[PDB]
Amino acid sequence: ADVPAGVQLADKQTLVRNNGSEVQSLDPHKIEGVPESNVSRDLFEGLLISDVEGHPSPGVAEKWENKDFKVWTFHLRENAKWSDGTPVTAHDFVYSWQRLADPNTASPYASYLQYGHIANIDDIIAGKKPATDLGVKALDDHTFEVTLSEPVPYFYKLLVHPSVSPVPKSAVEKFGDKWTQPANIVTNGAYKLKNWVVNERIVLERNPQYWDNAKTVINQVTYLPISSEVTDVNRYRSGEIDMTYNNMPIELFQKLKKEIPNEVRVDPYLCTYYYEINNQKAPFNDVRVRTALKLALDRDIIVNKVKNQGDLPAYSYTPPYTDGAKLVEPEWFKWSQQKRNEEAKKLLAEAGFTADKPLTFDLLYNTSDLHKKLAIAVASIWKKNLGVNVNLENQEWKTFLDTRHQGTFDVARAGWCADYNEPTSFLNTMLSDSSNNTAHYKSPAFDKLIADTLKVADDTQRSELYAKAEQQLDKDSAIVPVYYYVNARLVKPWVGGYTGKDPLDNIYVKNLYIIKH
């Protein structure tokens, strides 16, 4: 943390943050969500990290170079250490990235190494080559070298993500799935795991072995798993919680902005809210059905009337303000909702649906006051505008993610937030073979458009190809875009260091501090 001259620090430097739900895991190769990543950043540190405003900056790697954007060499700082005092080396990274690639690990982020194009990854994921053939090597204890199969100018931006953080081989091998228990875990970020009570709390304490430990201010941070946004706000206002999670309750938001305006932080966020259609399941394998659902949803009502927190109506998957996005707004987005509804009803009529044999399916969402209110609104809109019936179903966060991976669903609410600020952070997740593809969408034309983006060595051709990739996704109605998120949360006046400038919201508790109050 960089405490400004003249600020007086509180005697007790502890922080309590709400974190939305119980995490899937603390193992960096088994996680895929925001709640998980929030804790991961305080515990595991990769080659690069985001600074307080979001810029890619030195992590374990203090400096790096590239040859032709294809061979990347990372010089690791000599004092990087794990919490047990052992050095962090390039061998930790070789083992870690191989473990991420290995199909036996079944990482939901195994495809992250395809997004960076590390050599031999396709073959490794397919089981044709062992994970030890991955294009990584330790040239020495402090030098990690990555070889890509084609030039990737933005490759280093990918490296702040939890999937490419190191994991401690000896703990993994000795304890298997219990390596992340407090008595067994070993970490290399600014914090160490002190306590982990499922469905109650996660408590982290400063890691004195962290190389940048002299600059860490917060000595302990607790992450809570509260999925009720009302309860989160209530426990913030009662004094228990210093930072809420960033899901705000429809019941209280407008009142909160009038009551404690300086605490309500609302900033740009590179996430898209959408309804994920299971593309492989009848009748959702019919484009007419997907298009109908997409069109009949009234984004103005959802965004301006039901949520009303500053989000923007969406007509794409990639947010239009992503660095490198120059998207073309489809004509259907400029039609009236009435015209959208007529087109929707006609397509369902064409698809074989009638008043007597209507379209009925499930709408799955992770337990939440906000997502339940949004799902109820969407259900009513779809009923009214299109004559479709939906059965709402809630599931705890971890189970919800697994259901979508299993494809044991019809439609599900969903949010994707960038991992790196570049359109492929979104678009690569719709590739046929992507491990993050829970839409179960498979388009050879879409796959080709993205594949062509690294075959050109020009930004304008790349941007035009992303725009066309979004047009292919839209033409196929792979998803139902709802809105581009704003990042809205409550933050006590005494929490310093949170700028709100990072559009990815990659917060590190090592960068915060408690002002005397």
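By rigid core we mean the largest C-alpha set that fits within 1.5 Å across both forms. Residue positions are given as counts along the sequence shown, with the first one as 1.
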Between 272-280 and 199-207, which one shows the bigger average Cα displacement from this form in 9 other deposited structures of this protein once the rigid core is aligned?
272-280
With the rigid core as the fit reference, the stretch showing the greater C-alpha departure in 9 other deposited structures of this protein, 120-128 or 300-308, is 300-308
As stated in the PDB record, which stretch has the larger average Cα B-factor, 430-438 or 253-261?
253-261
With respect to the recorded C-alpha B factors, which stretch has the higher mean value, 406-414 or 341-349?
341-349
According to the Cα B-factor stored in this entry, which of the following is highest: 371, 157, 305, 235?
305
According to the Cα B-factor stored in this entry, which of the following is highest: 113, 183, 90, 221?
183
Could you tell me which third, lowest, middle or highest, the C-alpha B-factor of residue 500 occupies within its chain?
highest
Split the chain's modelled residues into thirds by Cα B-factor; is residue 332 in the lowest, middle or highest one?
highest
Modelled-residue ranking by C-alpha temperature factor, third containing residue 66
middle
Where does the C-alpha B-factor of residue 267 rank in its chain, lowest, middle or highest third?
middle
Split the chain's modelled residues into thirds by Cα B-factor; residue 161 lands in the lowest
